[PDB]
Amino acid sequence: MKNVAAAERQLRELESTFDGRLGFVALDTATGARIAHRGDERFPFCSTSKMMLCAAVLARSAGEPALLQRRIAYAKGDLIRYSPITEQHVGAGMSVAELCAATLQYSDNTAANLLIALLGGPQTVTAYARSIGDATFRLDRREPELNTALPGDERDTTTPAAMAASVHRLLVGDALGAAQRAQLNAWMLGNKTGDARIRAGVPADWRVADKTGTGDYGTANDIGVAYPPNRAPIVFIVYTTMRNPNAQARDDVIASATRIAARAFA
């Protein structure tokens with residue numbers, strides 16, 4: 001595909017503008033047209049792992065959806081940084097569903113840790129990934145330590161290719177039951193943290209479901225699905241990480257990568 005080959009070249013050129021690595025997949029789900037850069041290399045996934053976490057929660061609830069209405073009376077002692085919903089509601093507690101919405105839409109780190117604990121630990125998220133055909137994803141740590149993004153560390157990493165396959169299965173395909181897939185999409189469509197990333201790189205008539213991540217080493221990620229009107233969904237996976245430990249995470253590289261792929265598909 002000559003449009004794909006041109007986009008891949010443009011992604012190489014984009015990576016040459018900074019001292020770091022770009023990991024990218026865009027997949028047109030109707031045709032299987034697939035744009036990839038460093039697709040089989042590992043990248044620190046940061047808060048993009050919250051999508052896998054919440055898929056695991058939804059899967060765990062499928063035989064008894066009322067489990068999502070269970071109230072979790074967490075403690076002030078559970079509260080950690082970057083927790084804008086859980087810190088507000090610690091007096092009353094929150095339902096499991098509300099914790100999933102907070103984690104996905106606000107990147108609430110306490111909410112993520114509470115959900116990880118409800119499932120049995122980070123190993124249960126890795127096990128869930130394996131059950132839906134992802135042999136690459138690995139969740140080793142909880143928040144905030146999963147954001148260390150250390151050069152050469154395989155903890156808390158995946159590959160762009162593996163994550164593309166998992167996002168496809170989860171949001172578009174049949175990894176989840178219909179109600180669970182719809183709920184995951186609804187949560188991700190309503191994300192509050194991604195306006196300058198994938199959402200900034202697509203045409204005005206495309207809807208986007210996404211989850212961002214931001215970590216150490218200037219790590220800036222965004223994963224999800226674009227829904228153009230009148231054609232099939234397009235999966236977008238963008239991982240970036242920098243060599244300088246003192247790097248400042250950016251939004252613009254993700255938006256630029258997204259625009260490259262959008263031109264290829266239009």
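What counts, and where the lines are drawn
Residues numbered from 1 in each chain as written, not as in the entry; some residues may be left out. Heavy atoms only, no water. Residues with missing side-chain atoms left out of burial classes, pairs and counts. Helix = DSSP H or I, 4+ residues; strand = E, 2+ residues; numbered from the N terminus. Rg over C-alpha atoms; globule rule 2.2 N^0.38 Å. Core = buried A, V, L, I, M, F, W, Y, C linked by side-chain atoms within 4.5 Å. Buried < 20%, exposed > 50% of the residue type's maximum accessible area, 1.4 Å probe, protein only. Contact = heavy atoms within 4.5 Å. Pairing = 2+ DSSP bridges. Axes fitted to C-alpha atoms, helices over the stretch in contact; angles between N-to-C directions. Parallel < 35°, antiparallel > 145°, perpendicular 65-115°, else oblique. Left-handed = near helix turned anticlockwise from the far one by under 90°. Disulfide = S-S within 2.5 Å.

- Listed as the method for this PDB entry is X-ray crystallography; the listed resolution is 1.18 Å.

### Considering the overall build of the protein chain
Here's step 1: A count of helical and extended segments in the protein chain gives nine helices and nine strands.
Here's step 2: Computed over its C-alpha atoms, the radius of gyration of the protein chain comes to 18 Å, within 12% of the 18 Å expected for a compact globule of 266 residues.
Here's step 3: On the principal axes, the C-alpha backbone points of the protein chain span a range of 55 × 45 × 35 Å.

### Topic: the nonpolar core
It is characteristic of soluble globular proteins that their nonpolar side chains tend to be buried jointly.
Here's step 1: Among the nonpolar cores identified, the biggest contains 52 residues, and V167, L170, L171, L184 and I237 are the most heavily contacted of them.
Here's step 2: Here the element with the most residues in this core is helix 2 (residues 49-61); it accounts for eight residues.
Here's step 3: Every residue in contact with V167, bar those within four places of it in the chain, is listed here: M51, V172, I223, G224, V225, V235 and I237.
Here's step 4: Counting residues in each nonpolar core, the second largest holds 28 residues, with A26, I198, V208 and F265 among its members.

### Comments concerning the pairing of strand 2 (residues 34-37)
Here's step 1: Of the two faces of strand 2, only one is covered, namely that formed by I35 and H37; the face formed by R34 and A36 stays uncovered.
Here's step 2: Pairing analysis gives four bridges linking strand 1 (residues 20-28) to strand 2, with the strands arranged antiparallel. Across the sheet, the residue bridging to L27 is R34, located in strand 2.
Here's step 3: Hairpin connection between strand 1 and strand 2: a loop of five residues separates the two successive antiparallel strands, and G32 in this loop has a positive phi of roughly 75°.

### Things to note about the packing of helix 1 (residues 2-15) against helix 9 (residues 252-264)
Here's step 1: Two elements in contact, helix 1 and helix 9, have axes separated by 9 Å at closest approach and are oriented at 165°. When the axis of helix 1 is compared with that of helix 9, the two are roughly antiparallel. As for the relative orientation of helix 1 and helix 9, their crossing is right-handed in sense. Contacts from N3, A7, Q10, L11 and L14 in helix 1 reach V253, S256, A257, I260, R263 and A264 in helix 9.

### Considering the environment of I116
Here's step 1: For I116, the position within the fold is in helix 5 (residues 109-119).
Here's step 2: Under the relative-accessibility criterion, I116 is labelled buried at 3%.
Here's step 3: Each C-alpha atom of the pair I116 and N246 lies 29 Å from the other, and the pair is 130 residues apart in sequence.
Here's step 4: Those residues in contact with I116 that lie beyond four places of it in its chain are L53, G121, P122, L139 and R142.

### Thoughts on the state of the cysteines
Here's step 1: Summed over the entire model, instances satisfying the criterion amount to zero disulfides.
Here's step 2: With no disulfide of its own, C54 has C100 as its nearest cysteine by sulfur position, at a separation of 4.0 Å.

### Some points on the sheet that holds strand 1
Here's step 1: Spatially, the five strands line up as an open sheet ordered 2-1-9-8-7, and their pairing is antiparallel. Pairing within the sheet leaves two strands with one partner each, and these edge strands are strand 2 and strand 7 (207-215). Neighbour-to-neighbour, the strand axes of this sheet turn through a mean angle of 5°, independent of strand direction.
Here's step 2: In this fold helix 1 packs onto strand 1 and strand 2, with an angle of close to 25° to the strand it touches most, strand 2.
Here's step 3: In this fold helix 8 (residues 178-189) packs onto strand 7 and strand 8 (219-227), with an angle of close to 70° to the strand it touches most, strand 7.

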